[PDB]
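What follows is a single chain, given as structure tokens, in the form deposited in one PDB entry.
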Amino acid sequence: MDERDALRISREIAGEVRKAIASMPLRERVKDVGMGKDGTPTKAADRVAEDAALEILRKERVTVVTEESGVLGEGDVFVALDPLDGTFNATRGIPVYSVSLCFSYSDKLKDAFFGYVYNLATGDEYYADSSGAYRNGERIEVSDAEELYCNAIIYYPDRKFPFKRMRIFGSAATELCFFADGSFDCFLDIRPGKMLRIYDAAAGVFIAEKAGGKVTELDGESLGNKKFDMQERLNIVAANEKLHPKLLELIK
């Protein structure tokens, strides 16, 4: 498989998932219908989304790490799937929620070769390969803000900060992308628990990196070794090169 197949697969799925959620009225979407292998409830929207997604994926030589169904397949290419990121929003008609894939040549992020995030409410399409970062076909890159007084997406602010704006949209895959097209200046998830899971971040981090951003663990460490398993967890500090270190301090 190559980063063009990925684009094709990814787009095919975005079609099917988008179609799946569009039909389902809100009262249907919001129904807990399962326990997800993740250990959080599978809403009905999660189920129809992942079923559609998985159906296209099962045909490829891949191991899929997805939120509702766990780890599936045995192929050498690993795919980290959040078949609906921002499920909460989606069950309430709030239009920030996405399907998110990240393809890796191994079970570690450092061997990623494609990131895809598709806003299922708007149709905005984010992805990245060796050629760079795109939004709706158009090359993108991060902001150059240098002052802590910037536009921050942050999970969760636990004290007085210096930022110009703070926002939290409830779709990390999409919010990594908002950072990656310079809509926002940084992206932090500093929640002490380490809540983010491989399928939540993987595509966003990749796409953001390709768009110039510097994206690290809390302590400043690289994300390269983060694993594609159900068990992996993440904190993120993402910001262009100048801003990042200052944030790294502010967090201390």
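Each residue number is its position in the shown sequence, starting from 1. We call the rigid core whatever largest set of C-alpha positions still superposes within 1.5 Å between the two forms.
Stretch 222-230 is the one, of 222-230 and 204-212, whose CA positions lie farther from the shown form in 6 other deposited structures of this protein once all structures are superposed by the rigid core. Just going by the entry, 136-144 versus 91-99 on mean CA temperature factor gives the higher value to 136-144. When all modelled residues of the chain are sorted by CA temperature factor, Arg27 is found within the highest third.
For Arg167, the recorded CA B-factor ranks within the lowest third of the chain. Only modelled residues enter the ranking. In this PDB entry, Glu74 carries a Cα temperature factor that places it within the highest third of its chain's modelled residues. Among the modelled residues of its chain, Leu243 has a C-alpha B-factor that falls in the highest third, as given in the PDB entry. Residue-level temperature factors show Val62 in the highest third of its chain, judged at the C-alpha atom.
One more form of this protein should be noted, the form deposited with a small molecule bound, which is absent from this view; the next part is about it.
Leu84 is the sole member of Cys177, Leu84, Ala128, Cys102 with a non-hydrogen atom within 4.5 Å of the small molecule in the deposited complex. The small molecule is not drawn, but in the deposited complex it has no heavy atom within 4.5 Å of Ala80. When the small molecule is considered in the deposited complex, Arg191 lines it closely, a heavy atom lying within 4.5 Å.
Although the partner is absent here, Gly73 lies well away from the small molecule in the deposited complex, with no heavy atom inside 4.5 Å. The closest heavy atom approach of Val33 to the small molecule in the deposited complex falls outside 4.5 Å.
Contact annotation: the small molecule lies within 4.5 Å of heavy atoms from the stretch 192-200 in the deposited complex, the single such stretch among 48-56, 192-200, 223-231, 207-215.
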